[PDB]
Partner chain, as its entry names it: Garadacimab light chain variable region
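Next up is one chain by itself, shown in structure tokens, the form solved without the partner chain.
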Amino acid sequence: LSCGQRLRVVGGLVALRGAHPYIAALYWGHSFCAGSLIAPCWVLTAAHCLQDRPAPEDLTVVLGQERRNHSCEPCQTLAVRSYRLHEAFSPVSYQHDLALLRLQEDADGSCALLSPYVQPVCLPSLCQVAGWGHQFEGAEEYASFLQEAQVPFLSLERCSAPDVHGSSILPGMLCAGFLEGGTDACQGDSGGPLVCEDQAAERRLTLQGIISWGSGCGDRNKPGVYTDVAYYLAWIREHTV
């Protein structure tokens, strides 16, 4: 497939190399974020990750990773040429929480080299959240292996009920997870993916959300909040020329 091809977090399971071939790991200083490869030279992440504005030269993007802490021969380490946060990102409400990283091309003009382990994810227009974050709130460390958990979409009417997130759910946000709790994104999953298998297009992986924020991790009535990728489609297409 052109995109969304696949080879093979609280309450998740290990996701081995090739399970999420589009997932990007972003490193700088003592900081970390995840993202999604949406094209050979582009990675979609959360804007809140880069709000302190590190220099693009201080960032490292790693594609093909399984373990966050292992050096790996087929993994691709790329420099970041530049990045663009959404111009309307609000550090107070987290509305418009999205950012694009332009990867540094080599002499020939290539960035990510596609392989069974590195593939772009499809853009939108059976769901899972993935990341290397804390496996529970209060964990002293990030997960060593990538984790994956199945979560369903929750309607805006249910996510904005007063006992859930109320008036904090704004245009551009979506919720996924369970009101019972147990399975969710957590601290350290920032910028990572919420992908769904597209039944209309051969079950290809389609990026529906970007891990943005939550009240706790896996708490009752507090599901994870994500940036609605479909809502920002024209912005992403405009800024990825």
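Numbering follows the first chain given and starts at 1.
Keep in mind that the form deposited with the partner chain bound is not shown, yet the notes after this line are about it.
Trainee: Sort through 162-170, 100-108, 149-157, 73-81 and report the only stretch with a non-hydrogen atom within 4.5 Å of the partner chain in the deposited complex.
Mentor: Among the candidates, contact is made by 162-170.
Trainee: Would you classify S90 as touching the partner chain in the deposited complex, given a 4.5 Å non-hydrogen atom cut-off?
Mentor: Yes.
Trainee: Even though the partner isn't displayed, in the deposited complex is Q128 close enough to the partner chain, meaning a heavy atom within 4.5 Å?
Mentor: The answer is no: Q128 has no heavy atom within 4.5 Å of the partner chain.
Trainee: At 4.5 Å, heavy atom to heavy atom, what parts of 94-120 sit next to the partner chain in the deposited complex? List them in sequence order, or say none.
Mentor: Heavy-atom contacts to the partner chain in the deposited complex: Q95, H96.
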